[PDB]
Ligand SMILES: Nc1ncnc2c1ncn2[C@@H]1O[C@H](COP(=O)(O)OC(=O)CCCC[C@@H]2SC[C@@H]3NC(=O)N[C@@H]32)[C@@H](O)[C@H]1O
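Read the single chain below, which is given as structure tokens and is the form deposited without biotinyl-5-AMP.
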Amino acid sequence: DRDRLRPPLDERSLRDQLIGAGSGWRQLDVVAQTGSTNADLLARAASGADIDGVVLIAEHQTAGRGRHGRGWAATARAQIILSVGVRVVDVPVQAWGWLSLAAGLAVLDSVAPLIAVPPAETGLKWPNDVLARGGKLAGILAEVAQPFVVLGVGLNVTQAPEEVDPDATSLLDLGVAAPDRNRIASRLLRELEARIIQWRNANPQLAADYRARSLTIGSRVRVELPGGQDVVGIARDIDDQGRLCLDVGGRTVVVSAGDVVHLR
């Protein structure tokens, strides 16, 4: 399995092209490597640091995660990995579930313009995954540390397969030949900033847009919740609380968050 090299993210470019003036991005760093962009930001938080609008990107990550929960093994520059701090305390606590939803929407937005022709099943899997042709293209990890939330984005641009990562998919696989990570990071952050603003405003557009690109709605899934608990039903729609309206044989189950696995 040969593989290596790849272009490096230019921090100086992303900085002066994304930080300050009008943008809601206060600060940006690129590191060669870390365990979890989320964990580190979660830590600046706990150290006193205002991480509102602070962006942190890793070239490589041993195990994407943080406060609670481990991770897995990946490969260097095979993907875009970044975290952003978001002040959430001014928004109704019942609405925080939408953040991870917005983030996944923002990723898909950043990427779609790259594909010449829409592939098979490619959209959003409630509540944390961006899929393309039924593979995991991107993962979204939302974590809370009042008055903050950290949004982690792991996006498979190059590849870095295939055990984490057990059925994911990289842009290359969707026929994008020479994806520029910098251009992508820049768009993704622009999409993110926008979606966040919407979320803060309780824009109804945010939910319609989500439902519009939802692969989960209309189909039949298994929702893996904490432990060996699993629910199988048909997703009808989501509520204003970013929760899944799940139709289990005629009876509705409203699961807040958790893993899903499209069956139908």
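Heads up, when I say rigid core I mean the largest set of C-alphas that superpose within 1.5 Å between the two forms. From 1 onward, residues are counted along the sequence shown.
Not pictured, yet referred to below: the form deposited with biotinyl-5-AMP bound.
For this ligand-free form, the site is classified blocked because biotinyl-5-AMP, superimposed from its arrangement in the entry with it bound, has three or more atoms within 2.4 Å of the backbone and C-beta atoms. Comparing 68 to 76, 102 to 110, 187 to 195, 171 to 179 against biotinyl-5-AMP in the entry with it bound, the single stretch with non-hydrogen atoms within 4.5 angstroms of it is 68 to 76. Contact check for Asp165: a heavy atom falls within 4.5 Å of biotinyl-5-AMP in the entry with it bound. Taking the partner from the other structure, biotinyl-5-AMP in the entry with it bound has no heavy atom within 4.5 Å of any heavy atom of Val86.
A residue is said to contact a partner when one of its heavy atoms sits within 4.5 Å of a partner heavy atom; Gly123 fails this definition for biotinyl-5-AMP in the entry with it bound, lying far away. In the entry with it bound, biotinyl-5-AMP sits within 4.5 Å of a heavy atom of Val153. Looking at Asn201, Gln205, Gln33, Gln229 after a core superposition between the shown form and the other one, you find that only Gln229 has a C-alpha shift of 2 Å or more. Once both forms are fitted on their rigid core, the CA atom of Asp180 lies less than 2 Å apart between the shown form and the other one. Relative to the superposed rigid core, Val164 undergoes a CA displacement of at least 2 Å between the shown form and the other one. The two forms, fitted on the rigid core, differ between the shown form and the other one by 2 Å or more at the CA of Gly71.
In the entry with it bound, the CA atoms of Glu59 and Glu163 draw together by 3 angstroms or more relative to this form. Relative to this form, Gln146 and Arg67 separate from one another in the entry with it bound, with their C-alpha atoms ending up at least 3 Å farther apart.
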